[PDB]
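A.B. asks: Quick one: the structure is below, questions incoming.
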Amino acid sequence: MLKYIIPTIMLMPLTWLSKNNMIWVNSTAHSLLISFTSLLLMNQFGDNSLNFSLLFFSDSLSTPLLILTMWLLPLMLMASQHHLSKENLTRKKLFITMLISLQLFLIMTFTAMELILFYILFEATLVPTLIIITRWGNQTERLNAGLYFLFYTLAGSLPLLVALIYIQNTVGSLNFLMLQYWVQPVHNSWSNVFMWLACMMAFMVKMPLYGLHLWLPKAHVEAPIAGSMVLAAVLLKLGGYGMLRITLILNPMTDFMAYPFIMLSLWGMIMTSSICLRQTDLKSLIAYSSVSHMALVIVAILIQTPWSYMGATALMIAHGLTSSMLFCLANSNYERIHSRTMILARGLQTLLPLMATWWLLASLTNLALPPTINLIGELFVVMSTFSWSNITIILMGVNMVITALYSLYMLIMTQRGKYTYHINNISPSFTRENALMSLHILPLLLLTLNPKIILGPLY
Amino acid sequence: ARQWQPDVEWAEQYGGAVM
Amino acid sequence: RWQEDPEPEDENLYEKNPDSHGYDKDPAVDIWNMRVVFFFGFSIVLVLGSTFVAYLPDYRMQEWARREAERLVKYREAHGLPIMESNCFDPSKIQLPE
Amino acid sequence: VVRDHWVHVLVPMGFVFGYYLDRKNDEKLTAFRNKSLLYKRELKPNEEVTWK
Amino acid sequence: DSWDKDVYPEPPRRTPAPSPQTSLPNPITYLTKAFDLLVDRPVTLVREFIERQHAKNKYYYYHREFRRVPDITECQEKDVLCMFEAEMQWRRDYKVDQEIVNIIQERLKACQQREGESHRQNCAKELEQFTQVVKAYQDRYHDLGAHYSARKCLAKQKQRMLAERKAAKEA
Amino acid sequence: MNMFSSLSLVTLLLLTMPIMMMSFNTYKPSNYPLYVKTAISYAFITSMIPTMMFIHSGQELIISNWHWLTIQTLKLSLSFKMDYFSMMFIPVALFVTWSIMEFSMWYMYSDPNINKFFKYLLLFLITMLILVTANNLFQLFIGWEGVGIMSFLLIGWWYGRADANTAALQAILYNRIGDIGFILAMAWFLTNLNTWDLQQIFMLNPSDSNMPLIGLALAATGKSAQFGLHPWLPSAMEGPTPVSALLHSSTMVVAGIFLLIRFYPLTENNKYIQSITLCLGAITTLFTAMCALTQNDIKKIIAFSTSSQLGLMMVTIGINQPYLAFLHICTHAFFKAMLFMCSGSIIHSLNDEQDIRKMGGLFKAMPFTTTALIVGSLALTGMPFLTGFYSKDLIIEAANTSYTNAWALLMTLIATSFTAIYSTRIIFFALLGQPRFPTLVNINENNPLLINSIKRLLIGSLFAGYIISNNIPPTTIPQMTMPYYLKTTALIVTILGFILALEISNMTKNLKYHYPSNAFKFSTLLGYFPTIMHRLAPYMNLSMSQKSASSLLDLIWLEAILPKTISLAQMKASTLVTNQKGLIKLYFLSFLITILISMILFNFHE
Amino acid sequence: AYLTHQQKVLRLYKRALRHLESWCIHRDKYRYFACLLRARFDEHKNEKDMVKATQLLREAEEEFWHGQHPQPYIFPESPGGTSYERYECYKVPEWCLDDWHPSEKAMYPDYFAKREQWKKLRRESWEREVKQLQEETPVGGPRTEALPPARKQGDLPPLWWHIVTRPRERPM
Ligand SMILES: CCCCCCCCCCCCO[C@@H]1O[C@H](CO)[C@@H](O[C@H]2O[C@H](CO)[C@@H](O)[C@H](O)[C@H]2O)[C@H](O)[C@H]1O
Ligand SMILES: CCCCCCCCCCCCO[C@@H]1O[C@H](CO)[C@@H](O[C@H]2O[C@H](CO)[C@@H](O)[C@H](O)[C@H]2O)[C@H](O)[C@H]1O
Ligand SMILES: CCCCCCCCCCCCO[C@@H]1O[C@H](CO)[C@@H](O[C@H]2O[C@H](CO)[C@@H](O)[C@H](O)[C@H]2O)[C@H](O)[C@H]1O
Ligand SMILES: CCCCCCCCCCCCO[C@@H]1O[C@H](CO)[C@@H](O[C@H]2O[C@H](CO)[C@@H](O)[C@H](O)[C@H]2O)[C@H](O)[C@H]1O
Ligand SMILES: CCCCCCCCCCCCO[C@@H]1O[C@H](CO)[C@@H](O[C@H]2O[C@H](CO)[C@@H](O)[C@H](O)[C@H]2O)[C@H](O)[C@H]1O
Ligand SMILES: CCCCCCCCCCCCO[C@@H]1O[C@H](CO)[C@@H](O[C@H]2O[C@H](CO)[C@@H](O)[C@H](O)[C@H]2O)[C@H](O)[C@H]1O
């Protein structure tokens with residue numbers, strides 16, 4: 001992985017040694033070049049994962065997440081450089097450094113072969129993320145949002161640290177390849193019930209699981225746009241990726257420990273979808289949309305079927321691009337009217353016709369219009385949960401209906417109707433804003449032509 | 001608007017003898 | 001109260017630069033920023049990357065598995081053997097308990 | 001080398017350097033080169049190692 | 001021809017010879033002649049040109065041959081080096097068996113379309129063959145879960161072998 | 001097979017080129033609508049060649065040209081089934097779309113976004129053809145939801161209108177509720193039969209097919225707007241009249257019936273499903289026709305007519321007559337599209353007036369629109385040997401000679417009489433009597449685009465039914481022996497409706513004032529279903545979203561029982577620890593206590 | 001209700017005639033019944049007792065509710081009509097033209113020359129318009145939404161821009 005780790009680090013010298021007026025051009029261009037080379041990770045085999053060294057390996061699960069992560073860095077740079085224009089030069093370079101360091105921790109997190117190396121990097125992403133939210137957020141509440149984000153995560157992570165170290169003691173290793181062959185079954189006992197909880201609660205909080213999700217709408221509403229992009233696109237998927245790996249050693253206890261969390265997700269997804277119908281804040285609506293989508297991922301990981309794992313892998317990638325696009329779309333409105341109130345600026349399709357096309361495409365992927373990968377992921381999950389229990393189609397069906405209602409409600413309220421009279425600073429969409437939107441939707445729609453590369457190890 | 005920063009009311013939360 | 005700077009007005013990048021791409025205030029930097037985003041983003045990553053992905057060699061050996069299965073079905077049907085046996089492992093190599 | 005374009009070699013060199021280091025790691029993991037049951041064979045007349 | 005007629009069998013074709021019972025000209029006859037003249041001939045020549053260039057640059061590719069290694073039954077407990085090879089072999093065979101079921105399914109579906117309204121009686125062999133192979137595939141691989149392995153497959157077989165033994169004991 | 005397969009694909013590839021030229025800015029933006037209209041005309045020609053080949057020898061084939069994705073033992077390929085149902089529907093849909101597009105060129109002339117309008121109409125058709133030719137359930141689902149989204153964008157064409165946005169969203173709501181059954185059918189078929197391809201489903205022929213077929217019936221209920229999920233189709237009248245013509249004759253609303261037709265190998269063996277669909281169609285055909293008797297919006301009457309006719313097709317499915325239902329789909333497309341286009345001609349000439357109470361005296365003022373309107377009405381009411389007689393008449397005689405629910409048969413017959421009554425209403429009020437429109441007369445139906453587009457559908461409404469019935473192969477045993485009174489039931493109840501409808505219409509002229517009956521209000525207000533359900537369901541769900549889901553749980557209880565309680569406890573403990581006197585005497589006195597309890601209670605000294 | 005008694009009766013009369021028209025449809029039949037309905041209003045036209053007059057209004061409204069047409073006629077462009085707000089998607093505020101690219105403005109040199117005069121006329125008049133509203137408004141703010149006319153020559157009626165420059169009812 002050094003062909004990706006090292007050039008990612010070299011982005012830091014590049015940013016700091018760039019001319020004062022070229023920090024965005026240089027960092028954006030060279031982070032796109034790194035994104036290009038990440039496609040070499042798709043040298044995947046039918047039987048064996050791609051194991052580079054004792055430290056790093058890349059299978060079909062981590063490969064698409066790595067490519068999503070490295071694609072997101074250039075997009076985040078494009079999305080931030082407007083609202084950071086008045087920033088002090090050094091504080092602009094420190095902002096970019098926080099994003100580069102986040103990418104560094106992320107690509108190492110997704111390829112760590114040892115679970116305790118995964119834990120440290122998994123935890124290391126907190127610091128740059130927290131600093132972005134609290135230093136470069138705009139509102140007073142960004143400070144409270146930082147604390148909720150920090151302490152929700154740590155409340156779960158610290159038990160996970162104890163469980164992993166206990167697992168290394170008893171099994172002798174935490175290398176994920178070794179665990180595949182040395183895994184022993186988990187037999188019922190209160191001791192194992194809490195080993196199971198410690199291994200899964202840290203990841204449940206990151207997804208987040210319904211009930212434990214309150215940190216997420218706070219963080220999104222306060223984060224800067226680049227922070228919201230990485231939060232929704234990648235950092236949520238650290239929970240999913242971690243769960244997909246650790247469940248290997250939790251069998252067969254996962255048979256009955258899953259029930260309380262499937263119930264929370266199946267019911268929680270209807271509850272958070274319905275919350276979206278009455279949200280007044282556009283960013284908060286998108287945040288609650290992520291909770292509903294990630295509920296499906298939690299259910300799919302817990303029912304442990306080949307179809308559900310394929311569906312979860314596609315959902316994580318599809319959600320990553322769609323939710324990131326939606327936050328970017330809402331941000332472009334915010335940079336004009338400087339409010340997140342959804343009902344404030346209406347009828348924008350009249351004033352920004354092409355940006356209204358992006359709003360349409362983003363909404364269609366969010367409601368999972370076939371054959372988007374949003375629909376492929378969501379459909380595969382629904383097929384597998386139906387076999388788990390037929391009655392789940394009722395809850396899946398209702399969520400699909402409510403998901404369409406709030407997706408098109410967001411489209412209709414902001415883009416259609418009459419424009420707000422007194423709002424007269426809706427300038428024409430910039431090239432930067434249109435290119436940012438297209439760099440989200442075009443790769444998302446292109447992946448429909450070749451969806452096998454985002455279906456994960458069980459394809 | 002512009003980014004919020006602590007004002008005097010906020011700063012006085014940390015000027016007392018105790019929190 | 002205190003001695004504080006008032007909230008500055010909103011700068012419309014189009015006023016000074018009607019051809020602004022929204023990247024930079026400097027028109028020359030603004031053009032270069034647009035060029036690298038479009039060339040490296042669309043012309044390279046999206047166009048070449050899409051072409052690279054389309055021609056990936058037998059991603060995860062799905063084609064070989066189909067060719068191999070054809071070989072086995074041809075052989076087994078000719079020799080009268082079952083297309084597929086219920087037992088994955090030879091039962092002579094297994095020692096049941098009891 | 002120019003006064004405007006020397007910073008543009010850092011990331012490309014980092015990739016080349018990382019690529020080089022990645023291949024050196026494979027030199028430490030040859031304990032089973034031409035020894036696995038699946039791929040073990042005889043060397044060709046000029047070959048010295050099945051892979052390097 | 002292009003594929004193997006044994007793996008993908010097609011029953012011999014039987015086409016009734018035209019028996020026009022009307023004086024009128026048949027529109028399909030002339031459109032067919034136009035299609036051959038206007039579409040088939042130019043498309044055929046363009047292909048023959050391309051087939052000439054390929055014949056001047058003939059090169060080959062091969063179907064990989066995988067030697068057989070000891071399966072998971074012969075591996076000592078927690079011996080990763082032997083487990084790894086048996087595990088990888090079992091994974092390769094799992095993919096191949098998936099495509100075997102696809103081939104048998106493809107035969108079944110081709111028969112259903114080919115036979116039309118008579119498919120119910122004329123695709124009994126294909127249905128029977130499909131039913132048997134799906135039973136074998138289900139026995140090998142069904143209910144193993146996302147984290148399937150050669151070990152879980154073996155444990156499932158042993159459990160099945162035990163049940164068959166006990167019923168045989170009842171006989 | 002070379003010509004058959006090549007030609008049936010260019011038909012589909014042809015329709016996409018205007019889409020490709022559009023989104024790739026290689027076209028000639030001058031007269032894009034005529035370009036899109038020309039492409040549809042040529043695609044009709046190319047689709048006739050495969051249809052003739054099927055008519056000749058019954059040639060059918062499946063084309064699986066591209067392998068898209070393999071999920072273990074489920075291979076998904078882009079597949080196109082060119083069978084009986086695809087070869088007849090495609091030329092009919094293109095023929096009607098050819099007229100509608102030519103009609104739209106005149107109707108939408110002043111629309112500034114006419115180029116986008118024709119692009120959406122073309123996508124609307126493309127997604128319908130994907131639906132009709134889909135050979136597996138996933139590819140079919142692409143077309144299923146494509147027409148739904150295209151319908152949403154066209155109903156809400158005038159997006160500054162709040163009522164058009166409500167109608168557009170309402171169509172999605174009702175069709176998504178239907179889509180629960182579609183997903184259910186997919187899940188059952190994958191689980192129990194390990195396939196989504198229509199071939200394997202029919203070869204395996206499941207016996208316990210109650211669950212998958214209920215899912216398909218639920219999906220058909222939403223798409224075809226049967227009772228329970230019906231209100232959205234009349235509300236879909238918000239869209240421009242060309243949308244209504246295409247939405248109701250082809251594209252969307254027929255997909256529901258088509259789905260059930262495609263699965264007749266399963267339904268023909270499940271009597272339980274037949275009983276449900278028959279009752280479902282019978283209430284639908286009766287209720288919607290009952291609502292049309294008192295509607296005054298000319299488009300809402302025709303909208304309710306379509307729901308009534310769709311209910312009839314659902315009845316035909318319910319009596320195990322899938323091919324008659326298909327024939328009615330084809331014949332209905334002709335005169336229903338014409339009726340909508342004729343109403344558009346009237347609405348345009350009367351400066352966007354759609355209330356029949358404000359028309360009249362147009363019989364002579366608009367002669368060609370009047371001829372088409374009368375032909376369309378007679379075709380709809382099964383006049384002998386017009387296009388509507390060859391499907392509808394056979395359906396009724398099969399209905400009363402079958403082993404059927406007696407109530408559904410009686411409901412179906414009464415609705416057939418209601419069809420004549422509301423058809424009489426449109427003619428009597430729009431065309432007869434004295435004019436009731438404003439004084440500045442601008443009636444003008446002399447545009448050749450308007451005349452030609454209606455002229456082509458008028459010929460179809462006269463002969464298309466005769467032509468088709470004489471060319472399709474026979475796939476059943478038509479029932480031709482029956483009592484004289486069962487033979488002529490369709491004709492007589494239609495005539496009686498005409499007579500009664502005429503008497504009712506004449507009473508409006510008398511100088512009498514009557515208070516409305518509860519029955520009159522019930523019909524006018526659509527059985528209060530939209531009034532009650534479109535206030536009660538939105539209110540309860542939306543109120544629960546804010547009050548309980550958000551505030552009570554997310555902003556209160558999920559906060560209280562964890563972060564707010566934990567942080568308060570820590571704040572309390574901090575105060576106990578740190579609130580000290582700073583007195584040497586007290587600290588050392590506590591050292592003595594610590595030492596004593598250390599020895600006495602915990603025996604730390606042992 | 002801020003409507004006087006006279007306004008309520010006149011409003012009820014109009015609303016009753018329109019619903020009567022929906023019932024009758026035919027113009028001759030409507031004319032016959034509209035005259036009988038008018039005769040009923042003329043019957044109590046001179047009722048000088050407010051208590052009785054108000055009581056007559058209550059019963060009249062009660063009768064209208066029972067007899068109202070469930071689906072009355074609505075003018076197409078009237079609230080609730082089939083063309084209400086049909087053209088809002090085409091109405092674009094005039095301030096959108098300040099953002100036009102110069103190459104777009106160069107296509108209409110004469111239109112944008114005139115537009116500048118209006119914008120010039122708007123700046124010059126604004127100060128006097130604010131002043132006029134300051135001098136005519138009593139302490140405690142206005143009590144009605146009525147606005148004054150201009151009182152001098154060269155003055156424009158205060159708050160005129162968004163009435164004068166509002167989009168055409170059939171813009172595109
Ligand atoms: C979000 C929170 C989710 C909470 C999920 C709760 C799951 C509850 C699991 C309960 C079952 C625990 O597992 C159970 O533990 C006891 C440990 O004493 C084991 O039993 C053991 O202790 C019991 C004493 O109670 C003895 O009677 C028994 O002889 C001994 O073997 C059981 O063999 C095992 O079946
Ligand atoms: C394989 C790796 C490839 C890496 C590719 C990286 C692409 C980066 C593209 C940026 C190119 C910009 O190159 C640019 O050239 C000119 C001339 O030397 C420099 O100097 C220029 O500064 C300003 C721009 O603000 C100009 O108005 C001025 O005319 C010129 O002096 C710029 O400072 C430099 O930024
Ligand atoms: C995978 C695709 C395979 C086939 C590709 C074939 C490419 C051939 C491109 C031809 C031009 C297509 O693009 C478009 O075609 C039509 C008709 O031809 C032209 O349109 C012209 O004819 C039509 C109808 O006769 C008129 O509506 C239009 O006013 C006129 O300009 C457009 O000016 C041209 O921009
Ligand atoms: C399958 C297709 C079936 C098509 C059936 C077509 C309609 C069948 C004929 C229906 C009745 C014909 O019409 C019959 O004769 C005359 C019409 O001149 C009507 O006579 C009426 O005409 C005038 C019209 O101004 C009325 O004001 C008057 O009250 C009344 O005398 C009769 O009330 C009616 O009974
Ligand atoms: C879900 C299981 C794990 C959960 C672990 C969560 C631990 C707690 C993390 C957040 C700690 C924040 O600690 C503190 O919380 C309170 C409210 O909660 C905030 O205070 C805010 O709410 C309180 C009460 O609602 C008000 O009195 C106060 O005026 C307001 O500012 C503080 O600004 C914050 O500093
Ligand atoms: C599963 C274990 C999870 C462990 C998580 C880590 C716990 C960290 C605890 C930090 C506690 C200190 O946080 C403290 O909380 C109280 C909330 O009562 C806040 O206090 C706030 O609410 C109280 C009452 O609601 C007000 O009187 C006060 O004016 C207001 O500031 C403090 O401003 C904050 O400083």
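Each chain in the structure tokens gets a letter, A, B and so on, in the order shown; residues start at 1 in every chain, and ligands are counted from 1 in the order they appear.
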For chain A against chain B, which residues fall within 10 Å using only C-alpha atoms, given as number ranges by chain?
C.D. replies: A: 83, 135-142, 335, 337-339
A.B. asks: Go ahead and write the selection's residues with C-alpha atoms as a PDB file, in the first residue's frame.
C.D. replies:
ATOM      1  CA  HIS A  83     -15.986  29.413   1.887  1.00  0.00           C
ATOM      2  CA  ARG A 135     -12.456  24.843  14.067  1.00  0.00           C
ATOM      3  CA  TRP A 136     -14.136  25.502  10.713  1.00  0.00           C
ATOM      4  CA  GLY A 137     -17.806  25.079  11.522  1.00  0.00           C
ATOM      5  CA  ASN A 138     -19.882  28.244  11.491  1.00  0.00           C
ATOM      6  CA  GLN A 139     -22.315  28.014  14.417  1.00  0.00           C
ATOM      7  CA  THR A 140     -22.027  28.090  18.185  1.00  0.00           C
ATOM      8  CA  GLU A 141     -23.242  24.507  18.403  1.00  0.00           C
ATOM      9  CA  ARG A 142     -20.218  23.143  16.532  1.00  0.00           C
ATOM     10  CA  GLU A 335     -23.485  29.684   0.018  1.00  0.00           C
ATOM     11  CA  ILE A 337     -28.799  32.401   1.072  1.00  0.00           C
ATOM     12  CA  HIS A 338     -26.676  31.499   4.129  1.00  0.00           C
ATOM     13  CA  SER A 339     -29.424  29.465   5.783  1.00  0.00           C
TER      14      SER A 339
END
A.B. asks: For range 76-85 of chain C, work out the shell of residues within 8 Å, counting only C-alpha atoms and skipping chain neighbours fewer than 2 positions away, then give it as an mmCIF file with C-alpha atoms, in the first residue's frame.
C.D. replies:
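Produced file selection_24.cif, reproduced below:
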data_model
loop_
_atom_site.group_PDB
_atom_site.id
_atom_site.type_symbol
_atom_site.label_atom_id
_atom_site.label_comp_id
_atom_site.auth_asym_id
_atom_site.auth_seq_id
_atom_site.Cartn_x
_atom_site.Cartn_y
_atom_site.Cartn_z
ATOM 1 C CA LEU C 72 -16.610 -30.612 -16.363
ATOM 2 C CA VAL C 73 -20.162 -30.958 -17.684
ATOM 3 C CA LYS C 74 -18.866 -32.155 -21.049
ATOM 4 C CA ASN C 87 -20.847 -34.733 -1.193
ATOM 5 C CA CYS C 88 -18.220 -32.013 -1.450
ATOM 6 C CA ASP E 97 -20.202 -25.393 -9.285
ATOM 7 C CA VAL E 133 -28.193 -30.619 -9.802
ATOM 8 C CA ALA E 136 -26.599 -31.534 -5.108
ATOM 9 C CA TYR E 137 -25.694 -27.842 -4.998
#
A.B. asks: Using only C-alpha atoms and all ligand atoms, find each residue with an atom at most 7 Å away from ligand 2 and format the answer as a ChimeraX atom specification.
C.D. replies: /A:21-22,25-26,29-30 /C:26,28-29,32,36 /D:4,8-9,12
A.B. asks: Keeping only N, CA, C and O atoms, take the residues you just selected and write them out as an mmCIF file, in the first residue's frame.
C.D. replies:
data_model
loop_
_atom_site.group_PDB
_atom_site.id
_atom_site.type_symbol
_atom_site.label_atom_id
_atom_site.label_comp_id
_atom_site.auth_asym_id
_atom_site.auth_seq_id
_atom_site.Cartn_x
_atom_site.Cartn_y
_atom_site.Cartn_z
ATOM 1 N N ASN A 21 -1.051 31.274 -4.142
ATOM 2 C CA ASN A 21 -2.258 31.254 -4.952
ATOM 3 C C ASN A 21 -2.485 29.928 -5.664
ATOM 4 O O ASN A 21 -3.450 29.814 -6.423
ATOM 5 N N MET A 22 -1.640 28.923 -5.436
ATOM 6 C CA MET A 22 -1.760 27.648 -6.130
ATOM 7 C C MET A 22 -2.057 26.485 -5.193
ATOM 8 O O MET A 22 -1.986 25.331 -5.625
ATOM 9 N N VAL A 25 -5.109 24.563 -6.614
ATOM 10 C CA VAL A 25 -4.839 23.947 -7.908
ATOM 11 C C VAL A 25 -3.906 22.757 -7.742
ATOM 12 O O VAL A 25 -4.152 21.674 -8.278
ATOM 13 N N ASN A 26 -2.818 22.942 -6.994
ATOM 14 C CA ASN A 26 -1.824 21.883 -6.865
ATOM 15 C C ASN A 26 -2.384 20.693 -6.102
ATOM 16 O O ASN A 26 -2.247 19.547 -6.537
ATOM 17 N N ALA A 29 -5.137 18.887 -8.230
ATOM 18 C CA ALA A 29 -4.621 18.144 -9.373
ATOM 19 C C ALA A 29 -3.939 16.856 -8.933
ATOM 20 O O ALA A 29 -4.202 15.782 -9.480
ATOM 21 N N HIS A 30 -3.054 16.943 -7.944
ATOM 22 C CA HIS A 30 -2.264 15.784 -7.558
ATOM 23 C C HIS A 30 -3.069 14.784 -6.749
ATOM 24 O O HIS A 30 -2.734 13.598 -6.735
ATOM 25 N N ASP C 26 -8.348 35.513 -8.852
ATOM 26 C CA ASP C 26 -7.423 35.778 -9.942
ATOM 27 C C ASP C 26 -7.905 35.065 -11.197
ATOM 28 O O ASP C 26 -8.038 33.836 -11.180
ATOM 29 N N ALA C 28 -6.441 34.226 -13.976
ATOM 30 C CA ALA C 28 -5.521 33.229 -14.511
ATOM 31 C C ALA C 28 -5.496 31.982 -13.640
ATOM 32 O O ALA C 28 -5.467 30.859 -14.153
ATOM 33 N N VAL C 29 -5.499 32.159 -12.321
ATOM 34 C CA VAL C 29 -5.580 31.018 -11.419
ATOM 35 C C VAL C 29 -6.937 30.346 -11.542
ATOM 36 O O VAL C 29 -7.048 29.119 -11.485
ATOM 37 N N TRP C 32 -6.837 28.063 -14.548
ATOM 38 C CA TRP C 32 -6.027 26.870 -14.331
ATOM 39 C C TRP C 32 -6.722 25.892 -13.398
ATOM 40 O O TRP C 32 -6.705 24.681 -13.634
ATOM 41 N N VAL C 36 -7.447 21.921 -14.502
ATOM 42 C CA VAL C 36 -6.955 20.702 -13.867
ATOM 43 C C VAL C 36 -8.117 19.846 -13.387
ATOM 44 O O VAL C 36 -8.069 18.616 -13.461
ATOM 45 N N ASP D 4 8.639 27.397 -10.942
ATOM 46 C CA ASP D 4 7.203 27.266 -10.766
ATOM 47 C C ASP D 4 6.733 25.820 -10.753
ATOM 48 O O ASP D 4 5.582 25.568 -10.384
ATOM 49 N N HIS D 8 5.791 19.795 -8.410
ATOM 50 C CA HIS D 8 4.939 18.832 -9.084
ATOM 51 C C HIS D 8 5.601 17.476 -9.248
ATOM 52 O O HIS D 8 4.991 16.572 -9.823
ATOM 53 N N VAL D 9 6.831 17.310 -8.762
ATOM 54 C CA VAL D 9 7.470 16.000 -8.765
ATOM 55 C C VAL D 9 7.288 15.265 -7.447
ATOM 56 O O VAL D 9 7.543 14.055 -7.389
ATOM 57 N N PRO D 12 4.363 12.471 -7.718
ATOM 58 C CA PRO D 12 4.846 11.427 -8.635
ATOM 59 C C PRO D 12 6.038 10.652 -8.102
ATOM 60 O O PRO D 12 6.076 9.424 -8.238
#
A.B. asks: Find the residues near ligand 6. Use a cut-off of 12 Å, count only C-alpha atoms and all ligand atoms, and write them as a PDB file with C-alpha atoms, in the first residue's frame.
C.D. replies:
ATOM      1  CA  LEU A 143     -18.511  22.858  19.919  1.00  0.00           C
ATOM      2  CA  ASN A 144     -21.268  20.667  21.360  1.00  0.00           C
ATOM      3  CA  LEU A 147     -18.151  16.612  22.019  1.00  0.00           C
ATOM      4  CA  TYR A 148     -21.087  14.384  21.064  1.00  0.00           C
ATOM      5  CA  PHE A 149     -19.139  13.003  18.116  1.00  0.00           C
ATOM      6  CA  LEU A 150     -16.057  12.400  20.256  1.00  0.00           C
ATOM      7  CA  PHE A 151     -17.695  10.778  23.270  1.00  0.00           C
ATOM      8  CA  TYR A 152     -20.282   8.680  21.435  1.00  0.00           C
ATOM      9  CA  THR A 153     -17.453   7.070  19.480  1.00  0.00           C
ATOM     10  CA  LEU A 154     -15.149   6.608  22.463  1.00  0.00           C
ATOM     11  CA  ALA A 155     -17.907   5.129  24.617  1.00  0.00           C
ATOM     12  CA  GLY A 156     -18.026   2.252  22.133  1.00  0.00           C
ATOM     13  CA  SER A 157     -14.411   2.080  21.003  1.00  0.00           C
ATOM     14  CA  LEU A 158     -12.841   1.614  24.428  1.00  0.00           C
ATOM     15  CA  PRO A 159     -14.807  -1.620  25.054  1.00  0.00           C
ATOM     16  CA  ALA A 198     -17.964  -5.041  22.956  1.00  0.00           C
ATOM     17  CA  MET A 201     -21.109  -1.576  19.708  1.00  0.00           C
ATOM     18  CA  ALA A 202     -18.204   0.551  18.478  1.00  0.00           C
ATOM     19  CA  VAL A 205     -22.322   3.778  16.848  1.00  0.00           C
ATOM     20  CA  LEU A 212     -27.389   5.637  19.101  1.00  0.00           C
TER      21      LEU A 212
ATOM     22  CA  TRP B  10     -19.347  33.004  26.401  1.00  0.00           C
ATOM     23  CA  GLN B  13     -18.373  31.017  31.627  1.00  0.00           C
ATOM     24  CA  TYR B  14     -14.687  30.268  32.306  1.00  0.00           C
ATOM     25  CA  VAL B  18     -15.575  27.223  39.569  1.00  0.00           C
ATOM     26  CA  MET B  19     -17.299  25.902  36.471  1.00  0.00           C
TER      27      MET B  19
ATOM     28  CA  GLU F 559     -31.189  12.369  24.771  1.00  0.00           C
ATOM     29  CA  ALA F 560     -32.483  12.117  28.334  1.00  0.00           C
ATOM     30  CA  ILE F 561     -31.749   8.485  29.197  1.00  0.00           C
ATOM     31  CA  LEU F 562     -28.118   8.732  28.117  1.00  0.00           C
ATOM     32  CA  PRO F 563     -26.086  11.898  27.357  1.00  0.00           C
ATOM     33  CA  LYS F 564     -28.168  14.284  29.482  1.00  0.00           C
ATOM     34  CA  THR F 565     -28.418  11.967  32.478  1.00  0.00           C
ATOM     35  CA  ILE F 566     -24.763  10.910  32.354  1.00  0.00           C
ATOM     36  CA  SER F 567     -23.433  14.457  32.076  1.00  0.00           C
ATOM     37  CA  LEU F 568     -25.634  15.648  34.943  1.00  0.00           C
ATOM     38  CA  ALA F 569     -24.389  12.872  37.223  1.00  0.00           C
ATOM     39  CA  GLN F 570     -20.781  13.796  36.460  1.00  0.00           C
ATOM     40  CA  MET F 571     -21.516  17.456  37.174  1.00  0.00           C
ATOM     41  CA  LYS F 572     -23.029  16.544  40.546  1.00  0.00           C
ATOM     42  CA  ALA F 573     -20.108  14.313  41.518  1.00  0.00           C
ATOM     43  CA  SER F 574     -17.614  16.992  40.512  1.00  0.00           C
ATOM     44  CA  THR F 575     -19.288  19.407  42.925  1.00  0.00           C
TER      45      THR F 575
END
